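**Q** Can you look at this? It's an experimental structure, sequence on top.
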Amino acid sequence: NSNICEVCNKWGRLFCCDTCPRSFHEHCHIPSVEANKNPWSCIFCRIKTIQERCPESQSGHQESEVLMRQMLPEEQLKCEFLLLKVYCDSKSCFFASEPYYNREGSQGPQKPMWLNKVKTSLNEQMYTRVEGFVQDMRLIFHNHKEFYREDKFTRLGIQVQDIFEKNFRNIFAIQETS
Ligand SMILES: [Zn+2]
Ligand SMILES: [Zn+2]
Ligand SMILES: [Zn+2]
């Protein structure tokens, strides 16, 4: 097993996956690492099993159809994994905790949003459809763009959104286009 957390790339108190060489801090894994369960399999392994049980799940899909899906266990898992993939980028630190807004020439967004709030939302089963989760995620980056305006710091929002969108297209097998 790896000696660093797969998500934050730091050492510490790690839990090791029994079916692959990854390890995680307790609260870096999503969902949080389960108390007992031996063996334990991490979210990467659980996502791989879904694909292996239903190979046709990887054929291309329309984004509009994916968003209307109800949050049954498998879609819940996919959204957990997608969130995890955003936390895996170190630039996610900017979007993790609750932001505040006091900048000359800007006003704060009407509906603030941040990764830990989406984390809690998923944990408390507050989304009924994929759409709810995807709208909150995209809102994080859109609030950022709008607030920081022409400051170069806007680019951090573009960068983290690109990681989200790539991972969304992969995990949910969105049909490739030009
Ligand atoms: Zn970690
Ligand atoms: Zn694993
Ligand atoms: Zn089948």
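**A** Sure, I can see it. Numbering: from 1, shown residues only. Ligands and ions are numbered 1, 2, ... in the order given.
**Q** pretty sure residue 125 is in contact with residue 72, am I right?
**A** No. Residue 125 lies out of contact with residue 72 (Cβ atoms under 8 Å); the separation is 11.1 Å. Just so you know, the C-beta spots here come from the backbone N, C-alpha and C atoms, and that holds for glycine as well.
**Q** ok, which residues in this structure are in contact with ligand 1?
**A** Contacts of the chain with ligand 1, taken as Cβ under 5 Å from the ion, map to 5, 7, 8, 25, 28.
**Q** what ranges do the helices span in the chain?
**A** 43-53, 63-67, 73-87, 115-123, 130-148, 154-171 (DSSP state H).
**Q** what does the domain assignment say about the chain?
**A** Per the record, the chain has its domains at 1-59, 60-178, by curated CATH domains.
**Q** got the end-to-end distance for the last one?
**A** The first residue of domain 60-178 is 14 Å away from its last residue (Cα to Cα, to the nearest Å).
**Q** Over to the first one?
**A** Across domain 1-59, the terminal residues are separated by 32 Å (Cα to Cα).
**Q** now it: how far from the chain's centre is it?
**A** 14 Å (Cα atoms, centre = their mean, to the nearest Å).
**Q** is it anywhere near ligand 2?
**A** Yes. For a cut-off given as Cβ under 5 Å from the ion, domain 1-59 has contacts with ligand 2, namely 17, 19, 20, 22, 42, 44, 45.
**Q** I'd like the residues you listed as a markdown table, with neighbour count appended.
**A** Putting these into a markdown table (neighbours: other Cβ atoms under 10 Å) gives the following:
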| residue | neighbour count |
| --- | --- |
| 17 | 22 |
| 19 | 14 |
| 20 | 15 |
| 22 | 20 |
| 42 | 23 |
| 44 | 18 |
| 45 | 15 |
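**Q** Name the member of those residues with the shortest distance to residue 81.
**A** Distances from residue 81 to those, taken as Cβ to Cβ, are shortest for residue 44 (7.6 Å).
**Q** Quick one: residues in contact with stretch 38-50.
**A** 6, 15-20, 22, 24, 29-31, 33-34, 57, 74, 77-78, 80-81, 84, 171 (Cβ atoms under 8 Å, 6 or more residues apart in numbering).
**Q** Please read the previous query as pertaining to stretch 64-80.
**A** 30-31, 43, 46-47, 50, 122, 125, 127-134, 171-172, 174.
**Q** Can you flag the buried ones in these?
**A** Among the contacts of stretch 64-80, the ones that count as buried by 16 or more other Cβ atoms under 10 Å are 30, 43, 46-47, 122, 127, 130-134, 171-172, 174.
**Q** Nearest to residue 63, out of the residues you listed: which one, please.
**A** Looking across these and measuring by Cβ to Cβ, the closest to residue 63 is residue 174, at 5.6 Å.
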